[PDB]
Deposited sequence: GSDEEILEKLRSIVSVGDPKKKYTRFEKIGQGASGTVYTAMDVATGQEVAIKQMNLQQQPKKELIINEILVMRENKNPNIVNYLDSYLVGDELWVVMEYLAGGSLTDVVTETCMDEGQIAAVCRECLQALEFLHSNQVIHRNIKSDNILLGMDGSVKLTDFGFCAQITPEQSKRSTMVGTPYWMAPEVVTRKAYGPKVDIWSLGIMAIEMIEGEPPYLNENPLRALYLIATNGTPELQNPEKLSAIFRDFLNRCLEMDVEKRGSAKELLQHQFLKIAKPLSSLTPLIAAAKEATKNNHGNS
């Protein structure tokens, strides 16, 4: 409990900004279910990585690092991304996922909403409120947690699921970067859950627009066979990531996004 211790929209609490007095760093400060809070700070403090929004301190308040580029959601809903930019974002997210999975942590809520962007093009992950710390003795989980449209079918059907569900969600995020929305978004969340259960691997509106390499990456991200689905370390070696652009190539997207949402 106590043991470990304005850009605000209502959200699930509010957000503000500030500056470091001594070093000058700019920081962002977040201001129902406290047990999840305990899990969240514990997981955040011991899992620092360049591709994760780093947790600074706590006081309920939470101080974490500053990224002024916004979230990937504004980019995917207001801009058109090309395969190079998508590959760069996917590589950053896969690096974060490899780091977490090597530490036996499953995010379970990967989506464009939980990706933050720096003005330099930095791609980072956040929102650990839905973590799953697994172990050799208990390495699977059946709780139906996450956001419906991004949830893997094995999670939806409450089967035994592992870290690769994150991979599935990453694939859904890739569809976001292609079409602007995850599959079934016009449907309500419950019908969306049923459609994920009954259809399986989602179909793209216009797959013809994609290179065979990108289709291959998606097919290895959205494979129903968990053994056949790729791990983060396996996917980091995919040829798709070879056509990745420099992160500095996301700065225009960010610039476009802020123009669109103003």
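According to the record, no C-alpha positions are given for deposited positions 1-9, 15-27, 54-59, 88-92, 296-301, numbered from 1.
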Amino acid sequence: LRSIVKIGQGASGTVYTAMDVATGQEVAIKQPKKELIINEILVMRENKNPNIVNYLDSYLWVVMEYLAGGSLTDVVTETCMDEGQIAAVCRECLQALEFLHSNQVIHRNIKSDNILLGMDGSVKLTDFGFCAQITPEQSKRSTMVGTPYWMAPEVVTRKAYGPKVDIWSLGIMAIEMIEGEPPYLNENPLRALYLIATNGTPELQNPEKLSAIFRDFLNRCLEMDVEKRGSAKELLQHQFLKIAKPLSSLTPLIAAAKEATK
From here on, numbers count along this sequence of modelled residues.
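Between 108-116 and 154-162, the higher mean Cα B-factor belongs to 154-162. Judged by mean Cα B factor in the deposited record, 6-14 ranks above the other of 236-244 and 6-14. The PDB entry gives the largest Cα B-factor of the residues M173, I134, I167, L72 to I134.
Sorting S139, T126, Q85, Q95 by the CA temperature factor given in the entry leaves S139 at the top. Sort the modelled residues of the chain by CA B factor and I213 lands in the middle third.
In the deposited entry, the Cα temperature factor of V226 places it in the middle third of its chain's modelled residues.
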